[PDB]
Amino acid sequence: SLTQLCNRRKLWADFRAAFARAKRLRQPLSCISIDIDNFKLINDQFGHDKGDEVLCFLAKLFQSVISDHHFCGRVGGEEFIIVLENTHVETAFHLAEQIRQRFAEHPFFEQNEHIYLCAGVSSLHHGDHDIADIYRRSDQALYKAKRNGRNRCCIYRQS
């Protein structure tokens, strides 16, 4: 049911309803973009079923680390998005870091392979009119994180 909790279609719709709800209720709304480092190498070396185990563990990890309500979506081959209602961006950043760390700390497969991820974080801003305004910022923070290597987290700033 991890492929059910991280359904891409449901994610975007839940995210859009959350955006409108967030503006209407004036609540903070945070967004984390995650990309698994070297996921292609993992599938090349261990195969598709094992690559899938990694994805599954990461989804399980989201639940364990984020006890409060949240939406998840696998939006690309190895990219996830987490949407956190009524959550300030710093709290989301801290959650993102915990996910990064526990993923890096989990040994995988008979040979205790270590796998890493990067994350970018942002949240609803006043001038926003679409979830794409938020995703653009978390996506950019993700790629900013990736500039310094694997296993990195960044919060978006306009600075």
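Note that residue numbering begins at 1 and tracks the sequence as displayed.
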If you average the CA temperature factors as listed in the entry, which stretch comes out higher, 139 to 147 or 5 to 13?
5 to 13
Taking the deposited Cα B-factors and averaging over 118 to 126 and over 63 to 71, the higher mean is found in 63 to 71
Reading the B-factor column of the entry, which of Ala132, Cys56, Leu29, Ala96 has the highest value at its C-alpha atom?
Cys56
Going by the CA temperature factor in the PDB record, which third of the chain does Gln111 belong to: lowest, middle or highest?
highest
Going by the recorded CA B-factors, say which third of the chain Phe46 sits in, lowest, middle or highest.
highest
Of the three thirds of the chain ranked by Cα temperature factor, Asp37 occupies the middle
